[PDB]
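Q: Kindly generate the corresponding structure for this input.
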Amino acid sequence: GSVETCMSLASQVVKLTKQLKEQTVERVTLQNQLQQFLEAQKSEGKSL
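A: Numbers count the residues shown, from 1 in each chain. Coordinates below:
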């Protein structure tokens, strides 16, 4: 028992955690792109 009840509450939590992960994965990836960006900048700074 309990599975049918908990599956409902847990899946709702799953929706939230999914969206949290999605926001994070795109944001970290964006910051990753920014990392490439700052790298590209520092690639000019490391040059003469």
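Q: So which residues of this protein form helices?
A: 3-45 (DSSP state H).
Q: what's the neighbour count on residue 32?
A: Applying other Cβ atoms under 10 Å, we find 10 residues neighbouring residue 32. Every residue, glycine included, has its C-beta placed from N, CA and C.
Q: roughly how far apart are it and residue 39?
A: The spacing between residue 32 and residue 39, counted by Cβ to Cβ, to the nearest Å, is 10 Å.
Q: next one: residue 15
A: As judged by Cβ to Cβ, residue 15 and residue 39 stand 36 Å apart.
Q: and if you look at residue 20?
A: Noted for residue 20: a distance of 28 Å to residue 39, by Cβ to Cβ.
Q: which of the residues in stretch 5-19 are buried?
A: For stretch 5-19, burial by neighbour count (16 or more other Cβ atoms under 10 Å) applies to no residue.
Q: Distance from it to the middle of the chain?
A: Stretch 5-19 sits 18 Å away from the centroid of its parent chain (Cα atoms, centre = their mean, to the nearest Å).
Q: CA atoms only for that stretch, dumped as PDB, please.
A: Only the C-alpha atoms of stretch 5-19 are listed here, as PDB (Å, rounded to 0.1, in the frame of the first residue of the first chain):
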ATOM      1  CA  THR A   5      -0.800   7.900  -2.600                       C
ATOM      2  CA  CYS A   6       2.900   8.500  -2.400                       C
ATOM      3  CA  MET A   7       3.300   8.200  -6.200                       C
ATOM      4  CA  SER A   8       1.000  11.200  -6.600                       C
ATOM      5  CA  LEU A   9       2.800  13.400  -4.100                       C
ATOM      6  CA  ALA A  10       6.200  12.200  -5.200                       C
ATOM      7  CA  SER A  11       5.500  12.800  -8.900                       C
ATOM      8  CA  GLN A  12       4.500  16.400  -8.100                       C
ATOM      9  CA  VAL A  13       7.800  16.800  -6.200                       C
ATOM     10  CA  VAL A  14       9.400  15.200  -9.300                       C
ATOM     11  CA  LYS A  15       7.900  17.900 -11.500                       C
ATOM     12  CA  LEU A  16       9.500  20.500  -9.200                       C
ATOM     13  CA  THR A  17      12.900  18.800  -9.000                       C
ATOM     14  CA  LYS A  18      12.800  18.300 -12.800                       C
ATOM     15  CA  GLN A  19      12.200  22.000 -13.400                       C
END
